[PDB]
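What follows is a set of notes on a single structure, which appears directly below.
Chain letters run A, B, ... following the sequence lines, proteins first and then strands; every chain starts at 1.
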Amino acid sequence: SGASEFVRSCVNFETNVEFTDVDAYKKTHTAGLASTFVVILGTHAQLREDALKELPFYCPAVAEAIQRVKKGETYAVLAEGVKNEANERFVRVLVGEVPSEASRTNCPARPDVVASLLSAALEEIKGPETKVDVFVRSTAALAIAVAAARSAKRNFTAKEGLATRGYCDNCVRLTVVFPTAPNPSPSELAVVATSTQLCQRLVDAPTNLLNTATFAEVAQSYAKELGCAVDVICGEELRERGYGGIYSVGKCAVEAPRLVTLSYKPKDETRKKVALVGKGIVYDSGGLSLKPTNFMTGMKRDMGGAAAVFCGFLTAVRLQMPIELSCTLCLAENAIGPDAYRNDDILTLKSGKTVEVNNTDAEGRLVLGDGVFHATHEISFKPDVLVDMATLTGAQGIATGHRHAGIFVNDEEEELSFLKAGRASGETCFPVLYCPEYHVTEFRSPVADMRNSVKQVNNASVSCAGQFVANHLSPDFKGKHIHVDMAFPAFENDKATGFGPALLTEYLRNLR
Amino acid sequence: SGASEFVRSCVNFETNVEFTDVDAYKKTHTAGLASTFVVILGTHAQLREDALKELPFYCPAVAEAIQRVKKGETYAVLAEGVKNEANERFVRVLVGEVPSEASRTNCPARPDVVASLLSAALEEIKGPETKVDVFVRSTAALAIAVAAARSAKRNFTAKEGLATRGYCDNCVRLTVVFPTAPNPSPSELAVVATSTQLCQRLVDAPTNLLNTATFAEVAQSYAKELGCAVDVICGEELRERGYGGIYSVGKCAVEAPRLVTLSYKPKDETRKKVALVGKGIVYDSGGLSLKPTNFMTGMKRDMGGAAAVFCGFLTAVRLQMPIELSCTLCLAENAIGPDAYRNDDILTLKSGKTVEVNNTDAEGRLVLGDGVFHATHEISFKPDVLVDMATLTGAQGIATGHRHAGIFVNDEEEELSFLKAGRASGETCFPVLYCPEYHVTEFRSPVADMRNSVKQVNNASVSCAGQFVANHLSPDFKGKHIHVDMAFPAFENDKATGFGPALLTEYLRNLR
Amino acid sequence: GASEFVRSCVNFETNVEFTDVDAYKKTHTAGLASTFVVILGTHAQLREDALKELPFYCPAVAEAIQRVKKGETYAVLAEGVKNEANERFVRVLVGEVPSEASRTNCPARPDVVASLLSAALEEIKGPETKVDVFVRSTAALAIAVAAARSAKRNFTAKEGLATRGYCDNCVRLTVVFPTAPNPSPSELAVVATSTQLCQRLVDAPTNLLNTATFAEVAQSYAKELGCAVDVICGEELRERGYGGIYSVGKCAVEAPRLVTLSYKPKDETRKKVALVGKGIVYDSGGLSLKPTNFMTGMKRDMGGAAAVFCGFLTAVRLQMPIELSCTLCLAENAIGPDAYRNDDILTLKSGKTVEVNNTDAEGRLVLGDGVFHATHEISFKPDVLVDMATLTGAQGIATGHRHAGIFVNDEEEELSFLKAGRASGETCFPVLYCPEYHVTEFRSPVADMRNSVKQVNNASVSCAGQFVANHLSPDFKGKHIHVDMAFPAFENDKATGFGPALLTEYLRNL
Amino acid sequence: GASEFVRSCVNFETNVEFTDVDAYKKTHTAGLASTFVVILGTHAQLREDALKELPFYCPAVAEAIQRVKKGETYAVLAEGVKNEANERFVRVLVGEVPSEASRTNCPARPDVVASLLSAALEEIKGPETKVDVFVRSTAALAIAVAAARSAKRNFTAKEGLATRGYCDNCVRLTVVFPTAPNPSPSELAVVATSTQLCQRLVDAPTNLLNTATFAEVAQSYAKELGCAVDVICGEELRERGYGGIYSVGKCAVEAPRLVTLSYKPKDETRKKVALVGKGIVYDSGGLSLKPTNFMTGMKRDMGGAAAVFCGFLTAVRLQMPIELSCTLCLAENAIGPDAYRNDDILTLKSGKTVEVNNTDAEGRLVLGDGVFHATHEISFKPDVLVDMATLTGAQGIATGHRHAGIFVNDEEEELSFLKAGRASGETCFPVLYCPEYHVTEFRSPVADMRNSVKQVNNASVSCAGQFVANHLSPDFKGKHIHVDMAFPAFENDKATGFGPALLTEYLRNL
Ligand SMILES: [Mn+2]
Ligand SMILES: [Mn+2]
Ligand SMILES: [Mn+2]
Ligand SMILES: [Mn+2]
């Protein structure tokens, strides 16, 4: 308990966001607004459409709010004479103006601002299960769903004794109201929102609750619930079976490292075969390459890639997508102590390749190296596409920024396809240089096949960490490889975003 | 053994300083000076009083020394024709001139210079139990006692095989000779001096001798000797009973953390009720927020606050003060290893409040938080005053300096009363800002009730560490809270000072 | 560029006016004189019956009062409120001020008044838009300051405002107290004017406000106010033995200057005060060059001079019964071939020699010459010397962002100054006064003293104060108040105008 | 010293000539025209039958081909090979070029051609020694560049070569393609000349190549080429509102200058391009002074200006059908009393105000004035603006040593530019184009923007591009290509001449 309550919370998790449309809303609630707190979000043009004037909260104060609000900001009023289920004299209404401007590399619905406007609005909300209606004028259903899900205040939290109430402040029930029946459907969006939120909680959970054993436990429960096969290679079995990357990185920790692989073969298919691999470093101390304090804070999030692929998988099974899937979680804690793998130790990864460790804090690529080899050589099928996701490098932020995950991809078409999924999902990406001939030289070793950390830090370092992982692909793998460095997109204002699963979901959804 | 010899040394400890006056000295020693080494300390004016000319070591060379000595310095002569018990032809006499100038924030007797003059004089002394007479012209008995006690070379030491002789160089027996019978009395001053010296030894003992178990052992022995009740919550009992601050900080160490509480109910009373709480970090590595070498040296002293409150308590029981007292020692070693509490872990202190750890090297406030809650909510009485003492922040030195402990106090009167005890004892203090409304914001957490380390280091950081401790006061506590940051005053010239107990003793002595 | 900033400072008038509920009701008989209203009060003050009688009170405002959170605003559109403009809606912001305040803080909590008001005024776009701020606190002076510093008269060069006096004139404030205030509205307006002028001086960049343009501003005010003014500039500083300020500033493009203003009141008085201020218009560090992230904001290293200058300005304008000198220690601490070196030995005006061991500890050098000038070179004998400066990073560590550290040689006067801090909202807190421990940190083997401490962890705020005290005239038997206001000079990366009101309140009660 | 370097640049001619196997066989009927031969090809190319027909082929060369390793050279003495000199032995180096190349790289792998050739030429001692380089690749332009930059025409002041134009003339190269190349040999020679001139400009130290001597070189070329040239120097920059470039450079001994060349082609064309280049002849950091190990190599901070200048030079010489302006933003970022400060507020030519928060982010300031000049102050309306600069250390982190980072506002043009990178061997790769996220990193409370990012870990290469884009004329509706070439400008601590060929290829295909 403490941990087993967090586990129970993850296993049963439902979202607090529902989706509908204006017409269905008007048919279901003819006895007034079903809430007393309303957020209306749209562009300058969308907020002046005639249809707005027919919405159940519209009144002269709301019309004034629309005239006064600034681009990128909310404007709040108390609306009088709006009939509502609670029979309040006043309904709280917040108008948020979303910019219309978006670059070619961004989601044109600007869910980044939808999220921040919504977040700011929901800070007024005190009480338990307070019903909030969010009327949105965008029809970009998936992107709005994600934004709403990640702003709905279902984050992990241990404030005020909430450890006893599933580490959750249940202060809001959201209803998102689209102009017309959305595509995807409300039931699809709810699955997506659920995965976004579950991912968010997994990431911001501290390591004293979410460690390698409790993460594995969650995945085992989902596997049983979902009818999926699950394989766990734990501890000494990793050493005995030659998985020296993940074993060495994790052997020092109190809870043993584990490679957890889930499988899904759809009922009637199969359109493609995809292996997912995720970096599940439940805490990163640095090992003997110990991080300073201000770089060690937030390293509970170093399992973000594992949470992403796990929650993406979860969504794919739940939406019964016609794709055969494996999901491999590379679970370890990078600890410091007498047993810690050393700067100079030589490891033999499952691939058979030897690695001279020159930075113990470059540990994620080691666990991934064992993971991608496992996915491409040790499992029941031959994937057409391998996607690995990880919170890998500080350099990622320097290169592609806080809101675009860096992608290292060995095929131009599949890179474009993935970027497209980023833009539709709002979980945006951008390419880093793919040039194996320049990256491989950064890991020259005089005593092993390679080192794990670059000789020069100023030579496409996001790409080189990708290349290191690629070095442990099975030599028979002729498929597409998408490597995702999501170090910074995994969080915003010092809170987890749930980034990854929806990007992934949208990508898989569009495979043929 | 090694450790058990240090323990035996602490348990039986007596001082090597005695106190008397000129008249009693002349009645007891009519067969000449009882020593051949004499130190005479006074201001420029005090050294020219007529009474000096009647003192048993006075002679023309001593008169010349008085004329030539410089303010703040000693001047040594060999005095011929002074009759003495040893029948030496020459008596060594050192004249030390103490400045008369003192600020309103300082002890007007300037024991700081008394101590340094005496220390310098005692460096001439080689042999065993060499008798030294120190004639002082100040009547500030308590301050002189402390200065003398801390300069008498009864420090911890392991030089030259002295591990077998109680880790003590017994090179000096001091007699301090006041102008007239002192207030406090010689027997009172001897108790004070004993506590000052015991505190000095505790602080400068290395952790391989004084750890959480051997400190507890010392306290248990004193409790039995003194007729005081003692309560020990050790190891897993701390975890099981919800003391998650002190437990987590200390769980990684080889010797388990412990909360040790002593109690004293006087025979006939009670004038006030006082809880003492002390930071007993027997070594501070930093934990995962590992200190660099030059900040890790001297961290054997991170138990100074526990030594202070323990030795103050000791003095109060021995002088049979009319005050009900608890003394809680918060004992832990802040170690590094696989089991170390992490930067991101969330702890539940005994207070029920959750703490997100953002610096494992801000550990003292965690152990104190459990300590002050224990003192204000878990013990047999309701204190009127809580005093916590600790070597807390480097900032303390920046703010109030090497010789003034920083005090964070929630009541103006009690702060003044405490400053007054500082000035009388020579163990001087100075206030840091008390402004809870500004401090509490420095520990905002997105996932717990609070963080443990400030967001900004340049915003009254000595005060904020005080506020953190205050956050875990029992919500029913309506009393006075005195928080003492004594990081720098705990040592001088790279040796422990024994700071704390006399300050404390003087404060308790004057309560009504 | 610079002469437009100068003209802007010289002619400066506040945008804040003060009144009370009763006078407001008598003058504005057609309803509210504005369509944007802020009402600020404690939880209790916001539930008094008197609130219900105020001209913006209505059911939406009542609901706002019920929903607002402590320390936050809650905005509504109020319908059916009579207003001069006959708008259907009046914008009303309810701000709840905490009632809780420590013994070291202003009990009216102007810190939160200022942040609530500032947040409310972000909604105001257009030119000279009228805003009424109804406050339930009677702490007039503290409210005035908070309002003044939040009224958006800050220095700014955005959007071509260089041509409009480097000022976005988007707001006219009227502050409405429950009853006629003490001090009076005309007094509060002078205070507010000085707060705002100080704010603009501090946040002006050095390419506009250098040693010559600051001196120019002071010279203009002196002429306007009938005050005598003395300027010792450049080589005159060297020739006359002011080697502290001269050496610190001699490398800069614009020469160092000691500028001293004097005021003898119309009516006789006994109280005599010298003010001395650190006017380092920019601090590069000199050869002890600051890294970039410590060099940003060093345009504010003249905050102490701005404080004393604006306090002086208030005292003259209110005709306070105190004889006053105000010495501005103006220099730019530059780097170059001519820069004073780490090892150079300087002879300050006091005749004491100083071995420079950190060229970035320059403020105490210019102050050392300043305080000697004020205590020995000057036509009168001050009873009190107050020096104000943005001196040490340590100040923040010790006393924090909102409390200036004070080093004071007299207990009573220190309490008196703390009291002025609490009444003005420009709060202070003591640092250790113990000369016997500070003086040892500046031992030199070749000069009377060094300028920088040997140990940084030994009451360093206090030691910088002690250094300045070392150059007091040996005649001076008076009270010395040293104010380290490094952090209180700014908030959210904008100048606060801290200093002048603290000072004004102290002088007012002397 | 300086005028000898100037004369050297003005009269510069390449030492590389281009031909093909058939023309070589017709002209050199007495056998090989050299006694030092390099043969470079892939594993497959080196085993074709055609190799056996080449004039240095013999059994030792055949053995060399069998033994050489991928990415390395293998040297022999070839006996019995007919040569003009009738030497018994001809020195022959076989270099195997990898065939593998990523989609982001030049498939002829000129990176390895260059390093193989460079290694081979280390064996060459004497003056004007003839070397034949037989290449099996038909990627003419990429080979030309590689050869040009490896031909040992670098700047050098070793062994008194200051008197011999700062040039070790130890090699004459003849590059022999399999068939008559496209582009033609006379075209490749112009390209090679520009590559080499660019190389020399970059690695020249600032005591030779400052703002005046660079301007002098450009003025000479303009006269020689019949191109108009405009120079705005020193106080004319201040007086005319070019406060970015003026402020950055005003502290230096040699005044800042905006130098703009123009070319209208003989034959009519529609395509109009403005080039703008960062010409920071030395970057100390200014008051944000660089540490020594970051200050070394900052003579190369004018690489972008050299690139655009040498590209322009090529375009004029090949008579390309494109109207061209070339603006060199020349300044030295110096430290001293007059240095622009961290906090100063500048007014760029665009009229936008900039609060300086890092004086070492100076290149974007000079470029901001440059791109505004090109888009608003100039006789024509460019369809495309290309700015080139050695901007950020982050560039290397993001896109590496051999790929310049490109920030481009149009997808198609970005692809077009990447394609020119791959054909030229002077390769690029995109950085994130997302203005809506970049602009927030330069929020200022007192000016339109800051110059340095608030967060360093938020697409910092892209944000420096965005800063420059902020000073584009608001009229400008065209394509903007921003090139951060900080690391590709050098290799093994020697200038590469990167930029001009990339540029030339892009313009050629426009
Ligand atoms: Mn790591
Ligand atoms: Mn610590
Ligand atoms: Mn300075
Ligand atoms: Mn620079």
Side-chain angles (χ1 to χ4, degrees), chain C residues 1-2 5 152 154-163 166-168 199-200 202-210 249-255 281-287 289-302 332-339 490-495, chain D residues 238-239 241 243-244 246-248 250-253 284-292 294-295 333-362 442-456 470 474:
Chain C
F5 183 65
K152 294 212 292 142
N154 314 55
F155 177 90
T156 183
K158 293 181 184 280
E159 291 296 335
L161 295 170
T163 60
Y166 299 94
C167 195
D168 184 14
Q199 204 176 30
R200 297 176 56 76
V202 169
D203 262 348
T206 320
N207 59 308
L208 297 171
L209 191 79
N210 64 24
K250 62 173 156 96
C251 189
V253 167
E254 225 67 47
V281 297
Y282 194 70
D283 190 10
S284 81
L287 291 165
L289 186 70
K290 299 176 181 287
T292 305
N293 69 333
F294 293 94
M295 205 189 295
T296 51
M298 294 297 99
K299 70 182 169 171
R300 303 203 191 91
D301 229 43
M302 47 49 78
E332 174 176 21
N333 195 24
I335 193 167
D338 229 335
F490 71 93
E491 180 181 337
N492 311 132
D493 202 28
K494 299 180 216 217
Chain D
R238 192 185 41 79
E239 276 143 17
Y246 179 73
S247 304
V248 164
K250 62 173 156 96
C251 189
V253 167
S284 81
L287 291 165
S288 295
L289 186 70
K290 299 176 181 287
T292 305
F294 293 94
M295 205 189 295
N333 195 24
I335 193 167
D338 229 335
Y340 82 128
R341 315 173 179 83
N342 286 306
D343 279 353
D344 280 354
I345 292 165
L346 313 184
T347 308
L348 272 57
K349 186 60 194 196
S350 62
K352 293 181 190 188
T353 52
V354 185
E355 185 194 11
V356 186
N357 63 330
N358 189 319
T359 65
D360 194 19
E362 86 297 327
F442 304 110
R443 279 198 184 105
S444 171
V446 298
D448 295 319
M449 64 193 79
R450 283 178 174 167
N451 72 314
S452 191
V453 297
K454 181 158 192 181
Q455 300 161 120
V456 284
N470 287 350

Report task. May I ask you to list the residues in residues 447-454 of chain D that approach chain C closer than 4.5 angstrom, counting heavy atoms only, ordered by number? Result -> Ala447(D), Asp448(D), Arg450(D)
Requested in this report: Give the minimum heavy-atom separation between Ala334(C) and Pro337(D), together with the two atoms involved.
Outcome: CB-CA, 4.4 Å
**Report entry** Main-chain N/O of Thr359(D) paired with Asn333(D) side-chain donor or acceptor, under 3.5 Å
**Finding:** yes
Report task. Select one option (side chain, backbone, both, neither) describing which atoms of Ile335(D) are under 4.5 Å from chain C's heavy atoms. Result -> side chain
Query - Most chain C-contacting option - heavy-atom pairs closer than 4.5 Å, from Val356(D), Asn358(D), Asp360(D) - result: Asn358(D)
Report task. Tell me, for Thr206(C) versus chain D, whether the close heavy atoms (under 4.5 Å) come from the side chain, the backbone, both or neither. Result -> both
**Report entry** Check: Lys158(C) side chain, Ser444(D) main-chain N or O, donor-acceptor pair, under 3.5 Å
**Finding:** yes
Report task. Mind listing the closest non-hydrogen atom pair of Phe155(C) and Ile345(D) along with its distance? Result -> CE2-CD1, 3.7 Å
**Report entry** Carboxylate-amine/guanidinium proximity below 4.0 Å for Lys290(C) and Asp283(C)
**Finding:** yes
Query raised in the report: When heavy-atom pairs shorter than 4.5 Å are enumerated against chain D, which of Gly336(C), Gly297(C), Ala339(C), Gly160(C) gives the highest number?
Result: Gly297(C)
Query raised in the report: With a 4.5 angstrom heavy-atom cut-off, which part of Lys494(C) approaches chain D: side chain, backbone, both or neither?
Result: side chain
Requested in this report: Using a strict cut-off of less than 4.0 Å between a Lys/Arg side-chain nitrogen and an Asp/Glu carboxylate oxygen, indicate whether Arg341(D) and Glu332(C) qualify as a salt bridge.
Outcome: yes
Query raised in the report: Taking atom types as modelled, is there a side-chain donor on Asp344(D) or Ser247(D) under 3.5 Å from an acceptor on the other?
Result: no
Report task. Indicate the ring-plane relationship of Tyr166(C) and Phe5(C), choosing parallel, tilted or perpendicular according to the 30° and 60° boundaries. Result -> perpendicular
Report task. Return the minimal non-hydrogen interatomic distance between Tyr282(C) and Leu287(D), and the atom names on each side. Result -> CE2-CD1, 4.3 Å
Requested in this report: Determine the option with the most heavy-atom pairs under 4.5 angstrom with chain D, choosing from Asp203(C), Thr156(C), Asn492(C), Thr292(C).
Outcome: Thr292(C)
